[PDB]
Each structure stands twice: as C-alpha cells, then as structure tokens.
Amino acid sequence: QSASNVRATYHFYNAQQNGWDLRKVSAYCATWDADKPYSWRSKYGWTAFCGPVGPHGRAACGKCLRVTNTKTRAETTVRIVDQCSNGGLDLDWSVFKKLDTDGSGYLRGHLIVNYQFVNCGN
C-alpha cells in the first residue's frame, strides 16, 4: 500500500541506544516481535504507523516502509514497530533527522511524506 501527503512526527525511541530492544522502548509490536533476532530488529530505523492506507496495529507489526520527504525528496526505509494515534507516522528522531534535509521538519514539528510498503528483505 501507499499514500501521500502524510504527517510524520518524531518520537525519541532512541532505538540504537536501547540496543534495538522493542521492550525497552515500549513499542506496541514488542508483544510479538521483541524476540526476533538482533539482525532483524536493527536492520532499519524504527517508526510507529497509523497511516490512511494499509494495515496498522498488530497486522502491520514488522512490516517495512519506504518513506520520502515530499518537499526535499530525501528517502529512507523504516520498520514498523509501534502504532500511533496521529494519522501518519511517528518516526524515531534519528530517522526524522535523516529525512529532514532542509530543516523545516524540526522547526514545524512534522514532515509531510509519502510512503510505500516494501519487502523487508533478510
């Protein structure tokens, strides 16, 4: 699935500083995904998802998204580890910073993105 004109905020999961441990960050998906291997947990930066198109909640856990900053065309790939209540994405700060290549996101408190579900790979 895909959507455009989506709000992406940030949240300090601080995934890398938590050893990519989903329990430590209180991620919704920890219930099912916390004991996945380190290689899985750490492959991609983390997001919460609650977008207008595609699965959210339990059915979305572990799935991956290509996320594009529409204004700047910056892109990255994230793994869904949490559910949000803001109608978009709530990216780990490190991810948001990487995408916020004109700085306007930090100033405003959100980015506007497009996303597409993608295969996560191994």
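Numbers follow the displayed sequence, beginning with 1.
When the C-alpha B-factors of 86, 94, 47, 69 are ranked from the entry, the top spot goes to 86. The deposited CA B-factor of residue 14 belongs to the lowest third of values across its chain.
Among all modelled residues in its chain, residue 30 ranks in the middle third by Cα B-factor. Placement of the Cα temperature factor of residue 3 within the chain: middle third of the modelled residues, per the deposited record. Annotation for residue 52: C-alpha temperature factor in the lowest third relative to the rest of the modelled chain, per the entry. When the modelled residues of the chain are ordered by C-alpha B-factor, residue 59 sits in the highest third.
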